[PDB]
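This report refers to the structure that appears directly beneath it.
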Amino acid sequence: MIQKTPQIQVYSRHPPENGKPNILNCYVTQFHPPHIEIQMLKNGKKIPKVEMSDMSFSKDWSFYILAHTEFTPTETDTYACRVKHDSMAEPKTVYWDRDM
Amino acid sequence: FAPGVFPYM
Amino acid sequence: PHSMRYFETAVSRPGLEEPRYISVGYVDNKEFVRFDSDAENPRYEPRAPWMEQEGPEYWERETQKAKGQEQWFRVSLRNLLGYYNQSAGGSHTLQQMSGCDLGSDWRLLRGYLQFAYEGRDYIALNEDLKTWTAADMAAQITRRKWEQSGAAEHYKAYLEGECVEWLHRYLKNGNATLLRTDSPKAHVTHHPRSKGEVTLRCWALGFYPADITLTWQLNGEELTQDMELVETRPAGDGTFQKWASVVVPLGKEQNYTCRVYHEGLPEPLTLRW
């Protein structure tokens, strides 16, 4: 019952340049309970090694986590983040935007 | 220095 | 003004699995130590470089405390179940925030102590370090229990003495390090037009601490109407990022200035397209 819906921001650590390796981040925030599942995708495929940060919470008791991975931005490939949490009926998947 | 002993909820 | 906090969490596990306990220490909003029951070797570990200066007597003492608190949550988490008529085994979370602020005079400003069951407030210790604020009828049983046992007085001690004492010390150990500031590397991007309008995005990247202020202006007058701003986000390398955007009426591009104000900056940046 005590669920709060995660806020997602997919963005890279450095400004993108096609072909230059980089790191894609997924900053999930504002959620409760602390149990969540974050998937980083590419062309609709779950990226195998996605490194997540340790669980932390802020002043309003809500939790936040930073899921990141190595990615190499191209014009063709699309990346995204699919978050599954109990505060939601279905997963939320937001796509990486080069311009944002 | 972390928190210590205390009465339960 | 300085402070130290300890955000602790004990999350109940579906099954017979003992609840996971995690503690994080924060000096001047910077995480400095951390304990986690999920680790193979549960111990309070250094989370800031200026913390490695502590000997084993410290790390064992702290880890002892974390293991005591681990069981403190196992019980209370068990009691809250009763208080709330909750069942045998589901997902239940209990967290507590404690610490202390130090004014400009390095004397105690405020002491804190508060709990929350299921992400909702439960019971907090008022600023007088004597009386409690129970959030609901459930927290009434705990408060009355805590009024009986005189619990408040024993937290007043830790807050006014040991919390203050130890904050003064970590503050000395992490002098320059905690006060360091990384300046933002700003730049503005341009984005495709919607018949009679183009988007101007001002980027601020690679800054520390998180506090930053970005502004878009037009001919000097700051335009706040319809400004798009992202919640500051970590780059993942210890620095933060952010951006301010305005859908600008094309042609009039150069009419817009962006300023960036950060404590690390010797002078606020001003940028344009």
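Every chain in the structure tokens has a letter given in the order shown (A, B, ...), and although residue numbers restart at 1 in each chain, ligands are simply numbered from 1 in the order shown.
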
- Query: Any idea what's packed within 10 Å of residue 52 (chain A), counting only C-alpha atoms, ignoring anything in its chain fewer than 4 positions away? Could you give it as a PyMOL selection string?
  - Reply: chain A and resi 25-27+38+65-69

Selection file, C-alpha atoms, as an mmCIF file, in the first residue's frame:
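Final file, again_39.cif:
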data_model
loop_
_atom_site.group_PDB
_atom_site.id
_atom_site.type_symbol
_atom_site.label_atom_id
_atom_site.label_comp_id
_atom_site.auth_asym_id
_atom_site.auth_seq_id
_atom_site.Cartn_x
_atom_site.Cartn_y
_atom_site.Cartn_z
ATOM 1 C CA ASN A 25 23.032 6.750 -16.504
ATOM 2 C CA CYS A 26 19.573 6.004 -15.110
ATOM 3 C CA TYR A 27 18.863 8.095 -12.023
ATOM 4 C CA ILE A 38 16.066 -1.168 -13.156
ATOM 5 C CA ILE A 65 19.565 4.907 -6.979
ATOM 6 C CA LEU A 66 21.848 5.476 -9.951
ATOM 7 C CA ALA A 67 21.983 2.655 -12.475
ATOM 8 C CA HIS A 68 24.754 3.077 -15.056
ATOM 9 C CA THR A 69 26.482 1.143 -17.882
#

- Excluding same-chain residues fewer than 6 positions from residue 28 (chain A), what lies within 7 Å of it counting only C-alpha atoms, as a ChimeraX atom specification? /A:6-9,64-66

- Item | Close residues, region 82-94 of chain A itself excluded, 7 Å, only C-alpha atoms, min 2 positions apart in chain, as a list in words |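 Everything that qualifies: residues 3, 4, 5, 35, 36, 37, 38, 39, 40, 80 and 96 of chain A.
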
- Query: When you draw a straight line from CA of residue 237 (chain C) to CA of residue 13 (chain A), how long is it in Å?
  - Reply: 7.8 Å

- Item | chain C contacts on chain B, only C-alpha atoms, 6 Å, as a PyMOL selection string | chain B and resi 4+8-9

- Item | Selection: 12 Å around residue 14 (chain C), only C-alpha atoms, excl. self and same-chain fewer than 2 positions, as a list in words | residues 35 of chain A; 11, 12, 16, 17, 18, 19, 20, 87, 88, 89, 90, 91, 92 and 93 of chain C

Within 6 Å of chain A, which residues of chain C come that close, and what is the closest atom pair and distance in Å for each? Count only C-alpha atoms and give it as CSV.
residue,atom,partner,partner_atom,distance
C:118,CA,A:2,CA,5.8
C:119,CA,A:61,CA,5.4
C:235,CA,A:13,CA,4.7

- Have a look at CA of residue 216 (chain C) and CA of residue 265 (chain C) and let me know their distance in Å, one decimal.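 One can read the CA of residue 216 (chain C) to CA of residue 265 (chain C) distance as 18.0 Å.
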
- Contacts of residue 136 (chain C) within 9 Å, only C-alpha atoms, excl. fewer than 2 positions in-chain, as a list in words: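 Counting only the stated atoms, we get residues 121, 122, 123, 134, 138, 139 and 140 of chain C.
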
Go ahead and write the residues just picked, N, CA, C and O atoms, as a PDB file, in the first residue's frame.
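Listing of selection.pdb after writing:
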ATOM      1  N   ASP C 121       5.762   9.474   8.118  1.00  0.00           N
ATOM      2  CA  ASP C 121       6.264   9.845   9.441  1.00  0.00           C
ATOM      3  C   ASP C 121       5.629   8.978  10.517  1.00  0.00           C
ATOM      4  O   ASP C 121       4.486   8.564  10.393  1.00  0.00           O
ATOM      5  N   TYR C 122       6.396   8.671  11.556  1.00  0.00           N
ATOM      6  CA  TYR C 122       5.915   7.841  12.658  1.00  0.00           C
ATOM      7  C   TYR C 122       6.049   8.598  13.970  1.00  0.00           C
ATOM      8  O   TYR C 122       5.045   8.926  14.611  1.00  0.00           O
ATOM      9  N   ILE C 123       7.279   8.892  14.389  1.00  0.00           N
ATOM     10  CA  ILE C 123       7.510   9.623  15.630  1.00  0.00           C
ATOM     11  C   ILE C 123       8.832  10.376  15.581  1.00  0.00           C
ATOM     12  O   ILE C 123       9.870   9.817  15.262  1.00  0.00           O
ATOM     13  N   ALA C 134       4.046  12.250  17.890  1.00  0.00           N
ATOM     14  CA  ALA C 134       3.607  10.995  17.319  1.00  0.00           C
ATOM     15  C   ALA C 134       2.757  11.397  16.121  1.00  0.00           C
ATOM     16  O   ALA C 134       1.992  12.353  16.183  1.00  0.00           O
ATOM     17  N   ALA C 138      -1.179   5.034  15.997  1.00  0.00           N
ATOM     18  CA  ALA C 138      -0.279   3.902  16.193  1.00  0.00           C
ATOM     19  C   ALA C 138       0.957   4.358  16.976  1.00  0.00           C
ATOM     20  O   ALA C 138       1.375   3.744  17.967  1.00  0.00           O
ATOM     21  N   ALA C 139       1.519   5.495  16.561  1.00  0.00           N
ATOM     22  CA  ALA C 139       2.701   6.079  17.172  1.00  0.00           C
ATOM     23  C   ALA C 139       2.460   6.555  18.596  1.00  0.00           C
ATOM     24  O   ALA C 139       3.375   7.023  19.279  1.00  0.00           O
ATOM     25  N   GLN C 140       1.213   6.507  19.025  1.00  0.00           N
ATOM     26  CA  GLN C 140       0.827   6.872  20.367  1.00  0.00           C
ATOM     27  C   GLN C 140       1.296   5.833  21.378  1.00  0.00           C
ATOM     28  O   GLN C 140       1.716   6.175  22.480  1.00  0.00           O
TER      29      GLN C 140
END

- DSSP-assigned strand (DSSP E) among chain A, expressed as a PyMOL selection string: chain A and resi 10-12+22-31+36-42+45-46+51-52+56-57+63-71+79-85+92-95

I need the chosen residues saved as a CSV table (one decimal), in the first residue's frame, with C-alpha atoms.
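Listed below is the output, again_9.csv:
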chain,number,residue,atom,x,y,z
A,10,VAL,CA,18.3,8.7,-18.6
A,11,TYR,CA,21.3,10.7,-19.5
A,12,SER,CA,25.0,10.1,-20.3
A,22,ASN,CA,30.6,6.8,-22.7
A,23,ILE,CA,28.5,5.9,-19.8
A,24,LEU,CA,24.7,5.9,-19.8
A,25,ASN,CA,23.0,6.7,-16.5
A,26,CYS,CA,19.6,6.0,-15.1
A,27,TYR,CA,18.9,8.1,-12.0
A,28,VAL,CA,15.8,6.6,-10.5
A,29,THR,CA,14.5,8.7,-7.6
A,30,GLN,CA,11.4,9.3,-5.3
A,31,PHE,CA,10.4,5.7,-4.6
A,36,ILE,CA,13.0,-1.8,-7.3
A,37,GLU,CA,14.4,-3.4,-10.5
A,38,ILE,CA,16.1,-1.2,-13.2
A,39,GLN,CA,16.8,-2.4,-16.6
A,40,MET,CA,19.0,-0.6,-19.1
A,41,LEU,CA,18.1,-1.5,-22.7
A,42,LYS,CA,19.6,-1.0,-26.2
A,45,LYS,CA,17.7,-5.8,-25.5
A,46,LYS,CA,18.5,-5.9,-21.8
A,51,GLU,CA,26.1,-1.4,-12.4
A,52,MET,CA,23.9,0.1,-9.7
A,56,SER,CA,20.2,5.8,-0.2
A,57,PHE,CA,17.2,7.9,0.9
A,63,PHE,CA,14.9,6.4,-2.0
A,64,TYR,CA,17.1,7.0,-5.0
A,65,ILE,CA,19.6,4.9,-7.0
A,66,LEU,CA,21.8,5.5,-10.0
A,67,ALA,CA,22.0,2.7,-12.5
A,68,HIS,CA,24.8,3.1,-15.1
A,69,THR,CA,26.5,1.1,-17.9
A,70,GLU,CA,29.1,1.5,-20.6
A,71,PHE,CA,27.5,2.6,-23.9
A,79,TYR,CA,18.9,3.1,-25.3
A,80,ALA,CA,16.4,3.2,-22.5
A,81,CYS,CA,15.6,2.4,-18.9
A,82,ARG,CA,12.8,0.1,-17.8
A,83,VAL,CA,11.9,0.4,-14.1
A,84,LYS,CA,9.8,-2.1,-12.3
A,85,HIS,CA,8.5,-1.2,-8.8
A,92,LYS,CA,8.0,2.5,-16.9
A,93,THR,CA,10.5,2.6,-19.8
A,94,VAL,CA,12.1,6.0,-20.7
A,95,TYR,CA,14.4,6.5,-23.7

- Query: Pick the closest to residue 269 (chain C) from C:239, C:179, C:253, C:203: which is it, counting only C-alpha atoms?
  - Reply: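 Among C:239, C:179, C:253, C:203, it is C:203 that comes nearest to residue 269 (chain C).
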